[PDB]
């Protein structure tokens, strides 16, 4: 109905776990055809992560594999490699995040596929990059959160370093890789040529240090833990109320004055030279927060949030994940999306966030069962007849999901 930007782009998706699979899911969400190549023995690693499960299937797998066609294949087999190379001749993009040396060992490395298809955009996501001393080193989100410095600044001030409840660095690396693939496809419209992309999970994590890292790199400022407070914006933190906590976020000097004179009734704070400007509130933070905290404990959370809403002071409340999906805009903008799996029935996912108009009424293929699309991809893309498909199954080269 509404054509998506990447229609006609074909992706040979060798990725697994989360970082790569999120990149190719995103390319699919923007209109690409994705051929998820999976090992016959269990396929993507996330398929084995069956705690929790929906109707016996990994829920982890569901979150990053919308819109993909699953071809279960024996990559080490002689016949399986031939299939990969025939598909690479048709492919616009290749994405892989195997351990170091795997693609070379399997002859699906960039140089091998480049000879088959010089226009191919080849994207490799690795823990620490393809060069340097730690190139051989495995990359996991939890390790990168520890070593990137994200954990050292996250958590309670006196508490221990804390990880994020999700694998945020893998998501970031997948989003960065999506940018790289898109920009290389854009350049290919002129040069006609592909190229190799080396995305590093660790460098993606370092990029997320933003203001904390730039202060360290410029002036040598040593990072500190601020808990639920911010290191530069004040008052920008959680405050305790009589019945519970609420998040207060003032961005500009005008909002702070409104808070003091119209909501918490401490007009002297807005008059004080220490607290008038945002730079002054950070310096004199120690003197500003305590009187505010005392004032907030006098009323309930709903009282303060209603006052903030009337007066225009940005405030929010800590919501559980189930509460978040009940928010008014989730219902209004139809954020939660219903897809139909032939075998699992309806599957609900958060819709793509790119904000392209052609995505609103787009119909998305549900996350595939292992090998759900083996015969469809081989028939449509390579023209394999029925007889050849039966030979491949008998030899164990391919697997097709059977109800």
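Residue numbers count along the first chain shown, from 1.
- When the C-alpha B-factors of 251-259 and 124-132 are averaged, 251-259 comes out higher.
- Stretch comparison (108-116 versus 273-281) by mean CA B-factor in the PDB entry places 273-281 on top.
- As recorded in the entry, 138 carries the highest CA temperature factor of 244, 165, 138, 155.
- If you compare the C-alpha temperature factors of 223, 174, 80, 312 in the entry, 312 comes out highest.
- Residue-level temperature factors show residue 56 in the highest third of its chain, judged at the C-alpha atom.
- Placement of the Cα temperature factor of residue 325 within the chain: highest third of the modelled residues, per the deposited record.
- The deposited CA B-factor of residue 316 belongs to the lowest third of values across its chain.
- In the PDB entry, a CA B factor belonging to the lowest third of its chain's modelled residues is recorded for residue 32.
- The entry lists a Cα temperature factor for residue 194 that places it in the middle third of the chain's modelled residues.
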